[PDB]
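One structure is given below, encoded as structure tokens.
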Amino acid sequence: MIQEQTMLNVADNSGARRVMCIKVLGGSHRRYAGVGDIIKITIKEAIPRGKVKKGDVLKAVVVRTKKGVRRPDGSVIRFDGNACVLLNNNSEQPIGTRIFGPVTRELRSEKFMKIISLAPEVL
Amino acid sequence: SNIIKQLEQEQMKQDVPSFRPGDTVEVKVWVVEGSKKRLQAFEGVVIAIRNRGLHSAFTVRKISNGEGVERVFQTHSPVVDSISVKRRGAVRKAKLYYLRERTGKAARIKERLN
Amino acid sequence: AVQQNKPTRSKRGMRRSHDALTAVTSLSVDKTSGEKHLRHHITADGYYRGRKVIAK
Amino acid sequence: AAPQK
Amino acid sequence: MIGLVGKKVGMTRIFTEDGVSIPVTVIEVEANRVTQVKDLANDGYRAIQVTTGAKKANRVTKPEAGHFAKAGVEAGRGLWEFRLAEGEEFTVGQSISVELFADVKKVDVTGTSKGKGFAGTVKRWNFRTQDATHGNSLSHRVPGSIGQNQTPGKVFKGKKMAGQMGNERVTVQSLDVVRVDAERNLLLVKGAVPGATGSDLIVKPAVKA
Amino acid sequence: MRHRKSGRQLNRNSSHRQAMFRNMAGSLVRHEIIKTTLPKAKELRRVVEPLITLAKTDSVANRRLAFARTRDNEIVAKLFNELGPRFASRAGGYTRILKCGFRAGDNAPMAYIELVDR
RNA sequence: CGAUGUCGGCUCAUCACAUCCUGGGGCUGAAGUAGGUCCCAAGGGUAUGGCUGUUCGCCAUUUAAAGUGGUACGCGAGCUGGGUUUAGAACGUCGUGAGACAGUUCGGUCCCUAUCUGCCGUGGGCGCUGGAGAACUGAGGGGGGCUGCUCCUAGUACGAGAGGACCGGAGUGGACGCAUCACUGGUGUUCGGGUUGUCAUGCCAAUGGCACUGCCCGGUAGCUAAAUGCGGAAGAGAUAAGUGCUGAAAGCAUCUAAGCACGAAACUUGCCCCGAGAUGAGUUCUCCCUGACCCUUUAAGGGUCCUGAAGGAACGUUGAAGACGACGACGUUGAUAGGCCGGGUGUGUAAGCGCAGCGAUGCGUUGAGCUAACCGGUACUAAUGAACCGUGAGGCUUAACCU
RNA sequence: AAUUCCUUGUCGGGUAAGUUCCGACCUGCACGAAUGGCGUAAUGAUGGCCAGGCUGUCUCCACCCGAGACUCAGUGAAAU
RNA sequence: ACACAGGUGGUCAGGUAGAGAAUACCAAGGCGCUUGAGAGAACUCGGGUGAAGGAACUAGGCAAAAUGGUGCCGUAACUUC
RNA sequence: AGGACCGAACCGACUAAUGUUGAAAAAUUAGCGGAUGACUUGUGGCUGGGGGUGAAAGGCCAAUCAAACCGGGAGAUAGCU
Ligand SMILES: COC(=O)c1c(OC)cc2cc3c(c(O)c2c1C)C(=O)[C@]1(OC)C(=O)C=C(OC)[C@@H](O)[C@]1(O)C3=O
Ligand SMILES: [K+]
Ligand SMILES: [K+]
Ligand SMILES: [K+]
Ligand SMILES: [K+]
Ligand SMILES: [K+]
Ligand SMILES: [K+]
Ligand SMILES: [K+]
Ligand SMILES: [K+]
Ligand SMILES: [K+]
Ligand SMILES: [K+]
Ligand SMILES: [K+]
Ligand SMILES: [K+]
Ligand SMILES: [K+]
Ligand SMILES: [K+]
Ligand SMILES: [K+]
Ligand SMILES: [K+]
Ligand SMILES: [K+]
Ligand SMILES: [K+]
Ligand SMILES: [K+]
Ligand SMILES: [K+]
Ligand SMILES: [K+]
Ligand SMILES: [K+]
Ligand SMILES: [K+]
Ligand SMILES: [Mg+2]
Ligand SMILES: [Mg+2]
Ligand SMILES: [Mg+2]
Ligand SMILES: [Mg+2]
Ligand SMILES: [Mg+2]
Ligand SMILES: [Mg+2]
Ligand SMILES: [Mg+2]
Ligand SMILES: [Mg+2]
Ligand SMILES: [Mg+2]
Ligand SMILES: [Mg+2]
Ligand SMILES: [Mg+2]
Ligand SMILES: [Mg+2]
Ligand SMILES: [Mg+2]
Ligand SMILES: [Mg+2]
Ligand SMILES: [Mg+2]
Ligand SMILES: [Mg+2]
Ligand SMILES: [Mg+2]
Ligand SMILES: [Mg+2]
Ligand SMILES: [Mg+2]
Ligand SMILES: [Mg+2]
Ligand SMILES: [Mg+2]
Ligand SMILES: [Mg+2]
Ligand SMILES: [Mg+2]
Ligand SMILES: [Mg+2]
Ligand SMILES: [Mg+2]
Ligand SMILES: [Mg+2]
Ligand SMILES: [Mg+2]
Ligand SMILES: [Mg+2]
Ligand SMILES: [Mg+2]
Ligand SMILES: [Mg+2]
Ligand SMILES: [Mg+2]
Ligand SMILES: [Mg+2]
Ligand SMILES: [Mg+2]
Ligand SMILES: [Mg+2]
Ligand SMILES: [Mg+2]
Ligand SMILES: [Mg+2]
Ligand SMILES: [Mg+2]
Ligand SMILES: [Mg+2]
Ligand SMILES: [Mg+2]
Ligand SMILES: [Mg+2]
Ligand SMILES: [Mg+2]
Ligand SMILES: [Mg+2]
Ligand SMILES: [Mg+2]
Ligand SMILES: [Mg+2]
Ligand SMILES: [Mg+2]
Ligand SMILES: [Mg+2]
Ligand SMILES: [Mg+2]
Ligand SMILES: [Mg+2]
Ligand SMILES: [Mg+2]
Ligand SMILES: [Mg+2]
Ligand SMILES: [Mg+2]
Ligand SMILES: [Mg+2]
Ligand SMILES: [Mg+2]
Ligand SMILES: [Mg+2]
Ligand SMILES: [Mg+2]
Ligand SMILES: [Mg+2]
Ligand SMILES: [Mg+2]
């Protein structure tokens with residue numbers, strides 16, 4: 001349940017530290033992004049010499065949320081924070097070479113299989 | 001309703017162990033990656049229990065790779081293969097949601113030794 | 001808001017046609033005291049369904 | 001007093 | 001195809017062996033007795049009338065008691081009719097069981113929705129509330145404008161306004177049948193169906209395909 | 001909406017309801033019949049009859065529990081020394097409500113409520 | 001001009017079609033993909049932000065698309081008061097001055113209990129021709145109608161290559177709508193617990209009042225969304241633009257004149273809901289009433305005695321029904337409500353006593369005690385014997401059967 | 001610019017996006033020296049702009065507690 | 001104009017907590033405010049709590065929410081010191 | 001020491017909501033400003049209508065002010081309704 005103006009942590013070493021959601025892509029009037037949804041973000045904070053710099057505008061995929069995800073038996077998984085992985089605007093491949101913290105099987109799809117391969121844990 | 005409670009009794013598990021909040025529990029859950037099937041273990045502190053018969057559920061909290069995670073297990077779901085109590089916690093409350101606001105040495109739970 | 005024209009005594013009476021009261025359909029007679037009373041109410045002398053329920 | 005046209 | 005009359009016992013859960021949770025409504029469907037049959041000669045349409053349950057003898061008025069006696073059946077809690085398609089035939093006093101649905105994959109369920117009383121336009125029609133705070137006077141949940149100036153000078157019929165909400169016949173279509181337990185007169189259907197617990201339901205095979 | 005809710009607000013706040021019924025229950029024990037409005041009578045059943053059930057088992061724990069509710073030792077004494085022994089065999093229904101016409105000053109429906117074995 | 005409140009915004013909309021998207025076509029400087037232009041089509045849909053009082057506009061990022069207009073430039077007895085447009089003060093400028101400015105700047109009271117029409121809901125009366133209880137038919141009316149992406153067909157047709165389909169099928173989303181509360185949650189001042197100050201119950205211990213529920217932590221039922229089920233259709237008829245067959249008028253040609261066939265989200269159905277006050281008041285099933293007498297104005301006539309049916313209303317206990325009416329259940333031949341019994345749930349190991357300790361406090365009895373609206377039972381309390389309303393075989397004419 | 005019409009002048013900062021804000025340029029329609037010019041610590045229920053925290057202001061509202069509204073009994077207005 | 005949430009100078013000044021004549025609970029003393037009874041719709045008023053987000057609202061963070069005590073540590077530009 | 005600081009009484013009136021045939025012809029509720037001074041308040045006195053008084057708003061002078069109220073000139077005049 002991410003929406004515009006939401007600040008997210010970055011689950012990857014691309015060098016951003018805080019990003020703000022500025023558009024929930026993939027639908028007219030679409031209100032919310034959940035795990036595995038693409039968002040347009042802008043970089044609010046970055047480390048001094050990462051791959052990206054403050055004020056850049058990029059796509060990202062949501063990988064953890066405080067709202068959590070629902071599973072087919074009705075179970076729920078929740079995380080203490082909201083985090084995303086930064087993607088290239090055109091190819092939507094990841095920018096970072098490594099991923100931090102767990103991810104969830106909702107990403108287990110051919111589009112993000114690289115993230116699932118790098119993730120420390122898949123819940 | 002006698003009709004519904006009969007329909008529920010025929011599904012409940014008959015071998016769920018006794019555990020209570022603050023106990024450290026290991027839960028093994030079935031996961032499927034296409035043609036192959038696995039158990040994976042989720043281990044953490046039980047912060048909540050809900051006793052609604054067939055609709056009973058419990059919440060396990062763990063820290064993994066620096067990130068806090070909570071998972072709500074449906075106790076009688078056949079996805080839950082096993083439940084094991086590693087350690088017994090002594091706590092005064094039915095719910096430990098105050099542990100969300102704590103970390104490290106502040107989140108320690110005294111043992112229910114006797 | 002307020003009326004643009006004075007209503008008639010005709011229109012007044014039509015409105016009031018629903019204001020009529022209704023009388024009690026009938027009273028009940030106590031099986032021992034013979035006093036009339038409302039159903040399920042004690043009689044004025046304190047009987048109900050044939051026994052002295054209050055000494056008042 | 002009131003706003004006038 | 002005819003349906004059956006049942007009662008909403010409540011909701012519960014089914015776990016599948018492959019680990020899916022299905023919400024189910026439990027519908028009790030005791031034997032429906034056919035009380036009257038109608039045909040083109042006498043009535044101009046083909047239908048059966050059914051009754052179900054049981055009714056206290058002191059409450060059945062003679063006009064109704066004589067109606068059930070004509071059929072040779074005990075009074076149920078009510079009477080309902082179902083239209084017959086061509087090639088459906090039934091006889092008075094025939095009993096129809098839940099096994100009717102044994103081969104049916106999807107059903108439509110009809111019932112009286114729960115009553116909300118006098119509901120406002122925000123609840124009844126999803127109207128947006130007005131501003132809470134930027135100087136709004138006494139006008140937080142009110143409807144707003146209800147029309148236009150001189151032209152047309154009236155409110156149009158069907159203007160969405162406050163009033164009675166719920167307590168009305170509703171049909172939910174294309175519900176999956178999960179199980180038929182003819183031994184205990186239960187039909188389980190996926191998802192929720194109209195009305196409170198203990199309310200009567202009409203179940204028919206799904207009209208759409 | 002009100003679906004399946006219980007209790008009556010009786011045009012009072014919660015603290016006032018609680019105090020009023022605590023006083024009224026004390027009266028119905030002291031005087032085994034009192035006159036009151038019909039709705040208050042129906043709610044008093046849900047207050048007084050649970051106290052009588054408690055008094056059927058005399059112990060220090062129950063006496064202190066009854067005191068916490070009534071806050072009157074004379075009422076507690078009568079409960080345990082008289083009413084409990086009376087209603088020992090009666091499975092509920094310790095009170096009776098009798099409808100009693102209408103109050104003069106405001107037309108309220110009045111009723112008597114009394115202990116059954118008066 | 002004995003007052004028609006004046007810009008923009010909010011809320012709520014409704015119509016046109018000169019069509020933004022979706023749908024059907026013709027031509028192309030139309031290979032494919034994607035376009036240009038014109039014809040038909042109004043069913044549904046038709047962004048969020050930064051700046052600005054703004055309308056608009058520019059910019060950022062989306063979308064299938066971000067249509068143009070009418071309605072007192074829709075909408076202040078529905079909201080706002082940023083702007084315009086009173087009284088204060090100041091700047092530039094004009095004037096000797098008072099003062100002034102389709103110039104700027106800071107501040108500046110927005111009233112109304114709805115009589116009528118209209119609209120949303122919900123009742124009473126009478127009618128429908130003896131009365132009553134049910135179930136229907138369906139004249140008519142309303143709701144609904146949106147669309148992305150992926151995969152297959154197929155890297156096929158097309159193309160030098162790059163690129164890349166039509167038609168058809170499946171899956172899964174966005175926005176919207178209905179239902180529901182099993183699940184995840186919110187609430188839960190009516191349940192349990194911790195704790196600060198003070199007052200009281202003689203005192204200790206234990207409890208209660210007040211302090212926003214004193215402050216807080218959990219939470220039952222109900223309600224509920226962020227929760228989870230479902231929906232938009234297929235099909236049929238008649239068609240728009242358009243495309244044709246046979247065919248003369250006109251030895252040919254020609255879709256049209258006679259005749260015949262295709263053709264769209266538009267129309268009529270199909271789906272859901274209301275519906276016989278449909279006065280054109282319909283249909284089917286069942287139930288009930290089978291006495292005398294007098295008078296006048298001799299009729300669809302008035303009255304006296306006897307009679308009081310089916311059923312209804314009233315009263316009571318009440319409900320997932322409800323503003324009130326209404327609607328549903330029940331009234332002893334009874335589980336309608338309360339109490340009670342058992343269980344569940346919630347809280348979290350009560351009081352008293354004993355032990356350990358200098359004491360705060362801990363441990364044992366003890367997952368104890370208490371536990372609202374929940375579940376299953378149980379006549380303990382209340383739901384009275386009656387009385388009340390409603391009648392006594394139901395007009396005339398004609399026809400067809402039976403007598 | 002409390003003054004600048006053209007005008008959202010042009011350039012820079014801040015924002016993904018800035019007709020407002022800050023710095024600068026000087027084409028000052030129509031600044032300017034006691035109807036004072038230009039600075040200025042402290043102060044202001046002073047005007048403008050930005051950030052942290054906080055939040056039902058909002059996406060988008062839900063539930064709850066009181067007083068009215070609703071029904072009953074008594075009294076009983078007004079504008080028009 | 002009212003048995004009107006308004007106005008009206010001086011004197012007295014208990015307890016526990018507190019710096020206090022603030023505030024909380026009480027004493028002496030004095031009151032329950034001159035229509036009540038029900039129900040528990042929309043909507044208006046005064047309040048409580050709220051998932052995820054956190055100014056996206058709006059002319060404008062208006063209104064709410066938040067901060068809040070004592071002791072100690074520590075504390076910038078600028079300055080009329 | 002201080003037209004010093006924080007803050008009750010007291011004096012004021014910055015914001016919002018309510019109210020607007022009001023509880024009230026200017027209030028209430030929650031916040032707000034000053035609070036040893038160019039402070040505030042009781043009693044009495046003085047200034048009078050082209051006059052007073054004014055830390056200046058054409059503000060106040062008995063719910064009345066770009067010239068108070070009462071009585072008179074007076075049935076002013078009204079090419080207006
Ligand atoms: C364009 O502007 C208006 O639409 C407008 C307005 O819009 C909000 C408010 C007002 C308010 C008022 C007046 C207005 O004219 C006025 C106007 C024109 C008056 O003239 C007033 O009327 C009693 C009076 O007699 C003397 C006064 O000042 C000398 C005012 O204070 C006054 O008292 C008042 O309240
Ligand atoms: K930037
Ligand atoms: K005019
Ligand atoms: K088109
Ligand atoms: K074309
Ligand atoms: K259209
Ligand atoms: K329009
Ligand atoms: K306006
Ligand atoms: K008007
Ligand atoms: K009219
Ligand atoms: K329609
Ligand atoms: K639920
Ligand atoms: K709940
Ligand atoms: K206490
Ligand atoms: K031809
Ligand atoms: K479609
Ligand atoms: K009819
Ligand atoms: K104990
Ligand atoms: K327990
Ligand atoms: K100038
Ligand atoms: K100031
Ligand atoms: K009511
Ligand atoms: K003095
Ligand atoms: K004068
Ligand atoms: Mg209801
Ligand atoms: Mg107002
Ligand atoms: Mg308000
Ligand atoms: Mg007209
Ligand atoms: Mg109940
Ligand atoms: Mg009242
Ligand atoms: Mg209190
Ligand atoms: Mg006029
Ligand atoms: Mg056209
Ligand atoms: Mg259609
Ligand atoms: Mg901003
Ligand atoms: Mg307009
Ligand atoms: Mg208007
Ligand atoms: Mg203004
Ligand atoms: Mg303003
Ligand atoms: Mg004026
Ligand atoms: Mg208004
Ligand atoms: Mg029809
Ligand atoms: Mg439930
Ligand atoms: Mg919860
Ligand atoms: Mg709570
Ligand atoms: Mg003590
Ligand atoms: Mg007290
Ligand atoms: Mg029985
Ligand atoms: Mg710029
Ligand atoms: Mg500048
Ligand atoms: Mg100058
Ligand atoms: Mg000079
Ligand atoms: Mg200067
Ligand atoms: Mg009255
Ligand atoms: Mg007075
Ligand atoms: Mg008074
Ligand atoms: Mg007074
Ligand atoms: Mg005073
Ligand atoms: Mg005080
Ligand atoms: Mg005293
Ligand atoms: Mg209320
Ligand atoms: Mg929240
Ligand atoms: Mg909570
Ligand atoms: Mg939160
Ligand atoms: Mg904004
Ligand atoms: Mg906006
Ligand atoms: Mg602005
Ligand atoms: Mg504020
Ligand atoms: Mg600094
Ligand atoms: Mg000072
Ligand atoms: Mg003043
Ligand atoms: Mg104040
Ligand atoms: Mg102060
Ligand atoms: Mg100061
Ligand atoms: Mg001060
Ligand atoms: Mg004086
Ligand atoms: Mg002036
Ligand atoms: Mg004056
Ligand atoms: Mg003069
Ligand atoms: Mg003269
Ligand atoms: Mg004259």
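We use all heavy atoms of the structure for the numbers below, so side chains are in, but hydrogens, waters and symmetry mates are not. In the text below, chain A, chain B and the rest are named by the order of the sequence lines, each starting its count at 1.
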Open item on the list: Other residues, nucleotides and ligands only: do more than 12 of their heavy atoms fall within 6.0 Å of CZ on B:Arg100?
Closed with: yes
TODO: Please check if atom NZ in B:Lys110 has more than 12 non-hydrogen atoms from other residues, nucleotides or ligands closer than 6.0 Å.
DONE: no
Task: Neighbour count above 12 (heavy atom, 6.0 Å) for B:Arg38 CZ - done: yes
TODO: Apply side-chain contact (heavy atoms from CB on, under 4.5 Å) to A:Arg71 and B:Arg71, showing your working.
DONE: CA-CA 10 Å; A:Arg71 287 288 170 78; B:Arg71 189 166 181 171; 3.6 Å; yes
Task: Approximate separation, where rounding is to 0.5 Å, of A:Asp80 CG and B:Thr103 OG1 - done: 9.0 Å
Open item on the list: How long is the straight-line distance from CG of A:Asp73 back to CH2 of B:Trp30, given to the nearest 0.5 Å?
Closed with: 14.5 Å
Task: A:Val69 portion near chain B, given a 4.5 angstrom heavy-atom threshold - done: neither
Open item on the list: Minimum heavy-atom separation for B:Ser64 and A:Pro102, please, with both atom names.
Closed with: O-CD, 3.9 Å
Open item on the list: Can you confirm whether B:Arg112 is buried at CZ, in the sense that more than 12 heavy atoms of other residues, nucleotides or ligands lie under 6.0 Å from that atom?
Closed with: yes
Open item on the list: Could you check whether any side-chain heavy atom of B:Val69 comes within less than 4.5 Å of a side-chain heavy atom of A:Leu123, counting everything from C-beta outward?
Closed with: yes
Task: Atom pair CZ/CD of B:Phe42 and A:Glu121 - distance to nearest 0.5 Å - done: 8.0 Å
Task: Contacting region of B:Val29 [heavy-atom separation from chain A under 4.5 Å] - done: neither
Open item on the list: With a 6.0 Å cut-off (strictly less than), is the heavy-atom count around NZ of A:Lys114, excluding the residue itself, greater than 12?
Closed with: no
Task: Atom CD of B:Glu101: over 12 foreign heavy atoms under 6.0 Å - done: no
TODO: Please report the shortest heavy-atom distance between B:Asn65 and A:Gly101, naming the atom on each side.
DONE: CB-CA, 3.9 Å
Task: Electrostatic pair B:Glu33:A:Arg105 at N-O distance under 4.0 angstrom - done: yes
Open item on the list: For B:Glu67, is there an ion pair with A:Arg78 - N to carboxylate O distance below 4.0 angstrom?
Closed with: no
Open item on the list: Counting neighbours of NZ on B:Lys62 that are heavy atoms of other residues, nucleotides or ligands and sit closer than 6.0 Å, is the number greater than 12?
Closed with: yes
